[PDB]
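Text of data_16.txt, listed as compact mmCIF, C-alpha atoms:
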# COMPACT_ATOMS: atom_id res chain seq x y z
CA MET A 1 119.15 94.75 79.96
CA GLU A 2 120.02 92.15 77.23
CA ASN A 3 123.73 91.69 78.28
CA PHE A 4 123.54 88.64 80.68
CA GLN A 5 121.83 85.23 80.12
CA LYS A 6 119.78 84.06 83.16
CA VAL A 7 120.60 80.35 83.73
CA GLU A 8 118.25 80.05 86.76
CA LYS A 9 116.46 81.85 89.63
CA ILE A 10 118.29 80.92 92.92
CA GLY A 11 116.46 83.13 95.45
CA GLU A 12 114.12 85.91 96.51
CA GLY A 13 115.92 88.40 98.75
CA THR A 14 114.21 91.11 100.73
CA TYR A 15 114.21 93.67 97.86
CA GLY A 16 114.34 91.47 94.70
CA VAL A 17 114.82 88.18 92.80
CA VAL A 18 118.34 86.66 92.31
CA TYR A 19 119.39 84.69 89.22
CA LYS A 20 122.41 82.61 88.43
CA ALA A 21 123.39 84.41 85.18
CA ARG A 22 126.24 84.10 82.61
CA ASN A 23 127.73 87.34 81.14
CA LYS A 24 127.34 86.71 77.35
CA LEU A 25 130.42 88.89 76.58
CA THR A 26 132.81 87.54 79.34
CA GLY A 27 131.45 83.97 79.86
CA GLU A 28 131.55 85.21 83.52
CA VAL A 29 129.15 83.36 85.91
CA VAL A 30 127.48 85.87 88.36
CA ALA A 31 124.54 86.17 90.78
CA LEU A 32 122.19 88.78 89.18
CA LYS A 33 119.74 90.54 91.59
CA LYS A 34 116.91 92.68 90.08
CA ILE A 35 115.15 95.26 92.29
CA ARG A 36 111.95 96.90 90.85
CA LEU A 37 111.85 100.74 91.43
CA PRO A 38 114.45 105.66 94.91
CA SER A 39 117.54 107.75 93.95
CA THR A 40 118.50 107.23 97.67
CA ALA A 41 118.53 103.41 97.06
CA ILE A 42 120.99 103.86 94.12
CA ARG A 43 123.33 106.14 96.13
CA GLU A 44 123.22 103.73 99.11
CA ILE A 45 124.06 100.60 96.95
CA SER A 46 126.99 102.57 95.37
CA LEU A 47 128.70 102.91 98.82
CA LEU A 48 128.64 99.04 98.94
CA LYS A 49 130.92 98.96 95.85
CA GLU A 50 133.74 100.17 98.19
CA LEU A 51 132.85 97.80 101.11
CA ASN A 52 135.14 94.95 99.95
CA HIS A 53 136.19 92.15 102.37
CA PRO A 54 136.69 88.37 101.94
CA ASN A 55 133.60 87.80 104.21
CA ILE A 56 131.27 90.20 102.24
CA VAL A 57 129.75 88.93 98.92
CA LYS A 58 131.67 90.73 96.12
CA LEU A 59 129.45 93.41 94.49
CA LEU A 60 130.93 93.45 90.93
CA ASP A 61 128.63 96.16 89.45
CA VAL A 62 125.39 98.17 90.01
CA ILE A 63 123.16 99.03 86.96
CA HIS A 64 120.29 101.57 87.22
CA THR A 65 118.25 101.01 83.97
CA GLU A 66 114.48 101.01 83.08
CA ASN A 67 113.13 101.75 86.66
CA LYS A 68 115.18 98.72 87.88
CA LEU A 69 118.42 98.32 89.89
CA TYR A 70 120.46 95.24 88.84
CA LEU A 71 123.27 94.15 91.22
CA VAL A 72 125.95 91.80 89.76
CA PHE A 73 127.51 89.67 92.57
CA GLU A 74 130.22 86.96 92.54
CA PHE A 75 128.49 83.51 92.51
CA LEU A 76 128.74 81.26 95.63
CA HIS A 77 127.48 77.73 96.29
CA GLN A 78 124.60 77.83 98.89
CA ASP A 79 123.12 79.86 101.81
CA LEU A 80 123.86 78.80 105.44
CA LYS A 81 120.11 78.11 105.97
CA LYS A 82 120.34 75.22 103.40
CA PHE A 83 123.61 73.87 104.94
CA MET A 84 122.12 73.98 108.51
CA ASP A 85 118.94 72.20 107.17
CA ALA A 86 121.10 69.60 105.28
CA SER A 87 123.04 69.06 108.62
CA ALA A 88 120.07 68.89 111.10
CA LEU A 89 120.65 65.14 111.83
CA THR A 90 124.49 65.13 112.02
CA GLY A 91 125.10 68.67 113.30
CA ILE A 92 127.72 71.05 111.78
CA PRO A 93 131.12 70.09 113.32
CA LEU A 94 132.43 72.60 116.00
CA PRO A 95 135.66 73.64 114.17
CA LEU A 96 133.47 74.55 111.16
CA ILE A 97 131.02 76.39 113.53
CA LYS A 98 134.14 78.11 115.00
CA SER A 99 135.55 78.85 111.48
CA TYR A 100 132.22 80.38 110.28
CA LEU A 101 131.76 82.42 113.52
CA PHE A 102 135.37 83.71 113.18
CA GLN A 103 134.84 84.79 109.53
CA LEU A 104 131.47 86.47 110.25
CA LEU A 105 132.98 88.47 113.15
CA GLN A 106 135.77 89.47 110.69
CA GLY A 107 133.08 90.66 108.20
CA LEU A 108 131.18 92.58 110.95
CA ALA A 109 134.42 94.18 112.33
CA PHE A 110 135.13 95.44 108.76
CA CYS A 111 131.54 96.76 108.31
CA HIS A 112 131.40 98.31 111.85
CA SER A 113 134.89 99.91 111.33
CA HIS A 114 133.27 101.74 108.35
CA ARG A 115 130.08 102.41 110.47
CA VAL A 116 128.02 100.12 108.16
CA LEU A 117 125.39 97.90 109.89
CA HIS A 118 123.88 94.75 108.29
CA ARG A 119 120.68 95.07 110.46
CA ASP A 120 119.17 91.73 109.20
CA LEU A 121 121.74 89.00 109.94
CA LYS A 122 120.27 85.49 109.66
CA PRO A 123 121.23 82.13 108.07
CA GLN A 124 119.23 83.04 104.87
CA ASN A 125 121.60 86.06 104.40
CA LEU A 126 124.93 84.16 104.68
CA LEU A 127 126.53 82.46 101.62
CA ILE A 128 129.17 79.68 101.69
CA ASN A 129 131.53 78.32 98.99
CA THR A 130 133.22 74.85 98.59
CA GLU A 131 136.44 76.61 99.85
CA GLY A 132 134.96 76.94 103.40
CA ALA A 133 134.48 80.76 103.35
CA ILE A 134 131.15 82.33 104.48
CA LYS A 135 129.92 85.83 103.38
CA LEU A 136 127.50 88.58 104.52
CA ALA A 137 124.76 89.23 101.88
CA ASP A 138 121.44 91.18 101.53
CA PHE A 139 122.21 94.51 103.29
CA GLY A 140 123.00 98.21 102.62
CA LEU A 141 119.50 99.76 102.20
CA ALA A 142 118.66 99.32 105.93
CA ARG A 143 120.31 102.64 106.98
CA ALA A 144 118.03 104.51 104.52
CA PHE A 145 114.81 102.36 104.48
CA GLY A 146 115.14 100.38 107.76
CA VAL A 147 114.16 96.66 107.83
CA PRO A 148 110.75 96.06 106.15
CA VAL A 149 108.17 93.76 107.84
CA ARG A 150 107.82 91.87 104.51
CA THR A 151 109.82 91.06 101.34
CA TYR A 152 108.94 92.13 97.76
CA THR A 153 107.16 88.68 97.68
CA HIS A 154 105.14 89.58 100.88
CA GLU A 155 107.04 86.81 102.79
CA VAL A 156 107.36 87.63 106.57
CA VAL A 157 110.86 89.04 107.41
CA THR A 158 111.91 86.76 110.35
CA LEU A 159 112.29 88.41 113.83
CA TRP A 160 114.31 85.46 115.31
CA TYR A 161 117.65 87.40 114.98
CA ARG A 162 116.44 90.94 116.04
CA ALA A 163 118.19 92.64 119.00
CA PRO A 164 115.90 93.59 121.92
CA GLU A 165 116.82 97.35 121.67
CA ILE A 166 115.03 97.25 118.23
CA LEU A 167 112.00 95.28 119.54
CA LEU A 168 111.67 97.77 122.50
CA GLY A 169 111.47 100.53 119.83
CA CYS A 170 114.85 102.31 120.05
CA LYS A 171 115.17 104.15 116.69
CA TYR A 172 119.00 104.71 116.87
CA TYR A 173 120.85 101.44 116.07
CA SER A 174 124.45 100.64 117.11
CA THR A 175 126.75 97.98 115.52
CA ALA A 176 125.74 95.88 118.61
CA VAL A 177 122.50 94.84 116.76
CA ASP A 178 124.63 92.64 114.39
CA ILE A 179 126.47 90.94 117.31
CA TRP A 180 123.10 89.90 118.82
CA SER A 181 122.00 88.46 115.43
CA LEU A 182 125.31 86.56 115.16
CA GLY A 183 124.88 85.23 118.73
CA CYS A 184 121.45 83.86 117.72
CA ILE A 185 122.98 82.19 114.61
CA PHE A 186 125.89 80.72 116.71
CA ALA A 187 123.47 79.08 119.23
CA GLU A 188 121.35 77.74 116.30
CA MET A 189 124.43 76.19 114.56
CA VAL A 190 125.23 74.37 117.90
CA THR A 191 121.68 73.26 118.99
CA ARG A 192 120.22 72.84 115.42
CA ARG A 193 117.18 74.85 116.65
CA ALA A 194 116.35 78.58 116.42
CA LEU A 195 117.21 80.19 119.81
CA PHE A 196 114.23 82.68 119.76
CA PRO A 197 111.70 81.58 117.13
CA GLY A 198 109.23 84.48 117.72
CA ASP A 199 106.24 84.93 115.30
CA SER A 200 105.48 88.54 116.54
CA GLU A 201 107.38 91.52 118.06
CA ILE A 202 105.99 90.78 121.59
CA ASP A 203 106.39 86.94 121.10
CA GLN A 204 110.08 87.56 120.08
CA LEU A 205 110.64 89.80 123.19
CA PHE A 206 108.97 87.27 125.60
CA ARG A 207 111.04 84.36 124.15
CA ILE A 208 114.18 86.44 124.90
CA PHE A 209 112.99 87.27 128.49
CA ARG A 210 112.08 83.57 129.16
CA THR A 211 115.74 82.52 128.49
CA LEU A 212 117.80 85.58 129.52
CA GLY A 213 115.40 86.88 132.21
CA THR A 214 113.32 90.09 132.00
CA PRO A 215 115.69 93.11 131.81
CA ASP A 216 115.47 95.73 134.62
CA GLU A 217 117.35 99.01 135.27
CA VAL A 218 120.23 97.00 136.91
CA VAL A 219 121.26 94.79 133.90
CA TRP A 220 120.14 97.49 131.44
CA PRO A 221 120.18 101.15 132.51
CA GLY A 222 117.34 103.10 130.82
CA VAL A 223 115.46 99.98 129.53
CA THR A 224 112.14 100.73 131.41
CA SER A 225 112.17 104.14 129.60
CA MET A 226 112.31 102.37 126.17
CA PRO A 227 109.37 103.49 123.95
CA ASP A 228 107.65 100.03 123.80
CA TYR A 229 108.73 98.82 127.29
CA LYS A 230 105.71 98.04 129.58
CA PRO A 231 105.99 97.64 133.39
CA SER A 232 103.29 94.89 132.79
CA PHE A 233 106.01 92.73 131.07
CA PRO A 234 106.13 89.38 132.97
CA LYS A 235 109.34 89.08 135.08
CA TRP A 236 111.16 85.78 134.19
CA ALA A 237 114.34 84.56 135.95
CA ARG A 238 117.48 84.25 133.76
CA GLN A 239 118.05 80.61 132.71
CA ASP A 240 121.34 78.64 132.94
CA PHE A 241 123.10 78.82 129.51
CA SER A 242 124.26 75.20 130.12
CA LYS A 243 120.53 74.38 129.44
CA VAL A 244 120.40 76.81 126.43
CA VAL A 245 123.26 75.51 124.16
CA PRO A 246 124.53 72.12 125.33
CA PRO A 247 126.96 70.79 124.60
CA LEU A 248 128.85 74.04 123.80
CA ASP A 249 132.12 74.18 125.88
CA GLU A 250 132.72 76.90 128.55
CA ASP A 251 134.51 79.34 126.13
CA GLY A 252 131.57 79.13 123.66
CA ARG A 253 128.91 79.71 126.37
CA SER A 254 130.99 82.66 127.69
CA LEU A 255 131.37 84.26 124.19
CA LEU A 256 127.64 83.66 123.44
CA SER A 257 126.65 85.14 126.85
CA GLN A 258 128.67 88.31 125.96
CA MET A 259 127.04 88.39 122.47
CA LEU A 260 123.52 88.26 124.02
CA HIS A 261 124.17 91.02 126.63
CA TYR A 262 120.91 93.08 126.91
CA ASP A 263 122.75 96.47 127.15
CA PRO A 264 124.07 97.25 123.61
CA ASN A 265 126.97 99.17 125.32
CA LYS A 266 128.05 96.06 127.32
CA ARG A 267 127.55 93.62 124.36
CA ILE A 268 130.93 92.38 123.01
CA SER A 269 132.16 94.07 119.80
CA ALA A 270 133.09 92.07 116.65
CA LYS A 271 136.75 93.11 117.32
CA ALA A 272 136.69 91.99 121.05
CA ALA A 273 134.96 88.67 120.16
CA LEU A 274 137.81 87.88 117.68
CA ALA A 275 140.25 87.99 120.71
CA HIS A 276 138.02 85.60 122.76
CA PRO A 277 139.66 82.38 124.11
CA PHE A 278 136.96 80.41 122.14
CA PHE A 279 138.97 81.06 118.90
CA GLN A 280 142.47 80.09 120.30
CA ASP A 281 142.35 76.78 118.29
CA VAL A 282 140.35 78.20 115.27
CA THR A 283 141.05 76.60 111.78
CA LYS A 284 139.30 76.75 108.31
CA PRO A 285 137.46 73.53 107.17
CA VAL A 286 134.80 73.16 104.30
CA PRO A 287 131.31 71.60 103.62
So that I can check it, write out the structure of this file as structure tokens.
Amino acid sequence: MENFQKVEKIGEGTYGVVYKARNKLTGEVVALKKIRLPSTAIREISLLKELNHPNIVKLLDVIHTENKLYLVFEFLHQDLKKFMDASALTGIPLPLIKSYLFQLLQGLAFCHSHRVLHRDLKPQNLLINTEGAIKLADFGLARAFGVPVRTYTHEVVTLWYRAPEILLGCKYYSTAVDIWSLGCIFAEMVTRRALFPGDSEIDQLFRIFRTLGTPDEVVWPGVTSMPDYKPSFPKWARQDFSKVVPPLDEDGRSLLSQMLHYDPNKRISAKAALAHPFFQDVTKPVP
């Protein structure tokens, strides 16, 4: 490319490496992602150039050159995974949990209003600044290519944040998949512990059943007709959420419960969740 100077590698996303880089012409400091290459990828990333929102990482340009796709992004400060790790002793304060959950729902509501799914929400894919904003990153190829099992580095793509409709092998995905993922992140921010740390598809599903109870045709009409559903699934009782995410207050447990509804058609929308009593006292603090 020979137009930007790489200052440092800052990450490996699902599809490619990411560099802090400095535009040699504009002095501009960017995040530069490089994906090794097909034409469908390029056309899909181009639609992202229009998906602008304060809670989506700003895509500044897309360059198809030399069997490579470079994405130029605005430069933020750290991923949420690092901030959660850094905070494991103290715990992220609630108003900041509340602020971040508010902003992510705002980002999802925008995406979902334009029928764009993230499909791979997780702390690794959320970027914060010093200003106390949080942003959706690493999405837009999922509609076309789905979610790979592994990264370009052959790292395992975590299942901890996958909706059960996906794990049970439904091949048509609603916006509800993102709400599940965000519910998982919410609980993790509170408890400083992954809600459903599965290491396999069936291990992920059984962790979900152990906490929320095994779904049946009552809670989830059609579920036992899912492609990968087995009548031989063990039948666990639903657990008290007071056990699951202490010491989250009643409004939090109630929002979370609606975010982890088994039936994607009963699961709260981004837009509904923004109206939830849990956000009545919402503010905007910083790390």
At a cut-off of 8 Å, can you tabulate as a Markdown table every residue of segment 120-220 of chain A near segment 33-44 of chain A together with its closest atom pair and the distance in Å to one decimal, using only C-alpha atoms and ordering rows by chain then number?
| residue | atom | partner | partner_atom | distance |
| --- | --- | --- | --- | --- |
| A:140 | CA | A:44 | CA | 6.5 |
| A:141 | CA | A:44 | CA | 6.3 |
| A:144 | CA | A:40 | CA | 7.4 |
* Name all residues at most 8 Å from segment 27-32 of chain A (count all atoms listed in the file; drop same-chain ones fewer than 3 positions away) and give them as a PyMOL selection string. => chain A and resi 18-24+70-75
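All residues of protein, DNA or RNA that reach within 10 Å of residue 233 of chain A, judged by only C-alpha atoms and not counting those fewer than 2 positions away in the chain, are residues 202, 205, 206, 209, 214, 215, 229, 230, 231, 235 and 236 of chain A.
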Prev. selection, C-alpha atoms, output as a PDB file, in the frame of the given file:
ATOM      1  CA  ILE A 202     105.990  90.780 121.590  1.00  0.00           C
ATOM      2  CA  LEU A 205     110.640  89.800 123.190  1.00  0.00           C
ATOM      3  CA  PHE A 206     108.970  87.270 125.600  1.00  0.00           C
ATOM      4  CA  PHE A 209     112.990  87.270 128.490  1.00  0.00           C
ATOM      5  CA  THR A 214     113.320  90.090 132.000  1.00  0.00           C
ATOM      6  CA  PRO A 215     115.690  93.110 131.810  1.00  0.00           C
ATOM      7  CA  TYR A 229     108.730  98.820 127.290  1.00  0.00           C
ATOM      8  CA  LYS A 230     105.710  98.040 129.580  1.00  0.00           C
ATOM      9  CA  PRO A 231     105.990  97.640 133.390  1.00  0.00           C
ATOM     10  CA  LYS A 235     109.340  89.080 135.080  1.00  0.00           C
ATOM     11  CA  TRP A 236     111.160  85.780 134.190  1.00  0.00           C
TER      12      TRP A 236
END
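Here atom CA of residue 47 of chain A and atom CA of residue 162 of chain A stand 24.3 Å from one another.
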* Asked: Using only C-alpha atoms, which of A:211, A:174, A:258, A:283 sits nearest residue 118 of chain A?
  ->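 Checking each candidate against residue 118 of chain A, we get A:174 as the closest.
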* Determine the nearest neighbour of residue 88 of chain A from the options A:248, A:226, A:194, A:182, counting all atoms listed in the file. =>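 Ranking A:248, A:226, A:194, A:182 by distance to residue 88 of chain A, first place goes to A:194.
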* **Distance query residue 264 of chain A at most 12 Å, all atoms listed in the file, self and fewer than 6 positions along chain excluded, as an MDAnalysis selection string** => chainID A and resid 163:166 170 172:180 219:223 258
With N, CA and C atoms as the target, complete segment 24-40 of chain A and hand it back as a tab-separated table (two decimals), keeping the file's coordinate frame.
chain	number	residue	atom	x	y	z
A	24	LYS	N	127.20	87.24	78.73
A	24	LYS	CA	127.34	86.71	77.35
A	24	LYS	C	128.66	87.19	76.74
A	25	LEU	N	129.13	88.39	77.12
A	25	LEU	CA	130.42	88.89	76.58
A	25	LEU	C	131.60	88.18	77.27
A	26	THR	N	131.60	88.00	78.59
A	26	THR	CA	132.81	87.54	79.34
A	26	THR	C	132.73	86.07	79.74
A	27	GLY	N	131.68	85.34	79.36
A	27	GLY	CA	131.45	83.97	79.86
A	27	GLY	C	131.31	83.93	81.38
A	28	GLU	N	131.47	85.09	82.04
A	28	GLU	CA	131.55	85.21	83.52
A	28	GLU	C	130.23	84.75	84.14
A	29	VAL	N	130.32	83.91	85.17
A	29	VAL	CA	129.15	83.36	85.91
A	29	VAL	C	128.96	84.23	87.15
A	30	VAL	N	127.80	84.90	87.27
A	30	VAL	CA	127.48	85.87	88.36
A	30	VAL	C	126.17	85.47	89.05
A	31	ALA	N	125.90	86.07	90.21
A	31	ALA	CA	124.54	86.17	90.78
A	31	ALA	C	123.98	87.55	90.40
A	32	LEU	N	122.85	87.56	89.70
A	32	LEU	CA	122.19	88.78	89.18
A	32	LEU	C	120.92	89.04	90.00
A	33	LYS	N	120.91	90.12	90.78
A	33	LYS	CA	119.74	90.54	91.59
A	33	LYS	C	119.06	91.67	90.82
A	34	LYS	N	117.72	91.66	90.79
A	34	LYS	CA	116.91	92.68	90.08
A	34	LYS	C	115.91	93.27	91.07
A	35	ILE	N	116.10	94.53	91.42
A	35	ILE	CA	115.15	95.26	92.29
A	35	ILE	C	114.32	96.22	91.43
A	36	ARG	N	112.99	96.03	91.45
A	36	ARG	CA	111.95	96.90	90.85
A	36	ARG	C	111.93	98.25	91.59
A	37	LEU	N	111.97	99.37	90.86
A	37	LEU	CA	111.85	100.74	91.43
A	37	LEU	C	110.48	101.31	91.07
A	38	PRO	N	114.47	105.73	96.37
A	38	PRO	CA	114.45	105.66	94.91
A	38	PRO	C	115.85	105.94	94.33
A	39	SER	N	116.16	107.22	94.12
A	39	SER	CA	117.54	107.75	93.95
A	39	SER	C	118.38	107.49	95.21
A	40	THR	N	117.77	107.48	96.40
A	40	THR	CA	118.50	107.23	97.67
A	40	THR	C	118.95	105.76	97.67
